[PDB]
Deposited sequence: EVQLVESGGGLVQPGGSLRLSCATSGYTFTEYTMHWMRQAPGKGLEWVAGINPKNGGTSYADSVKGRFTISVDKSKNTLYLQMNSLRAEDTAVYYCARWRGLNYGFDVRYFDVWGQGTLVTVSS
């Protein structure tokens, strides 16, 4: 089946950088747009960044614009999120998720989450 598997993450100090990965399988990679969501501890879900792999269209939430970059490796079927100049407010569980169609317009598959903590 379709599976989204994230890795990367762990703990860094303010100013640090990490690169999250979301490896997919089970479907034609360029046919679905992919998004990063986060859930800061005890809060709800918040959208972070999206990319359409067909034409390379990307979009970012105002809190991360300029510091994060979303990208894809189409030969490895992997989604990435490069996070630079991290700060303590970026602590959260980050989820990648697939968007079904553009009765559509919903997230149909979610990755298992990976934790990023920013602290000294």
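Student: What are the unmodelled segments when the structure is compared with the full deposited sequence, in sequence order?
Tutor: Residues missing from the model, as numbered along the full deposited sequence, span only 103-106.
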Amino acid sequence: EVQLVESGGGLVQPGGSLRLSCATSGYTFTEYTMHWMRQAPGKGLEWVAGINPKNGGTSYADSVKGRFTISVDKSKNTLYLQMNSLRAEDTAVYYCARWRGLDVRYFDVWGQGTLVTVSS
From here on, numbers count along this sequence of modelled residues.
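Student: Which of the two stretches, 1-9 or 109-117, shows the higher mean Cα temperature factor in the record?
Tutor: Taking the mean B-factor of the alpha carbons in each, 1-9 is higher.
Student: Select between 89-97 and 30-38 the stretch whose C-alpha atoms have the higher average B-factor in the entry.
Tutor: Result: 30-38.
Student: Using the temperature factors in the entry, find which of 63, 82, 52, 78 has the highest value at its Cα atom.
Tutor: So the option with the highest C-alpha B-factor is 63.
Student: Using the B-factor values recorded in the entry, state whether the Cα atom of residue 104 falls in the lowest, middle or highest third among the modelled residues of its chain.
Tutor: According to the entry, residue 104 has a C-alpha B-factor in the chain's highest third.
Student: What third of its chain's C-alpha B-factors does residue 72 belong to: lowest, middle or highest?
Tutor: According to the entry, residue 72 has a C-alpha B-factor in the chain's middle third.
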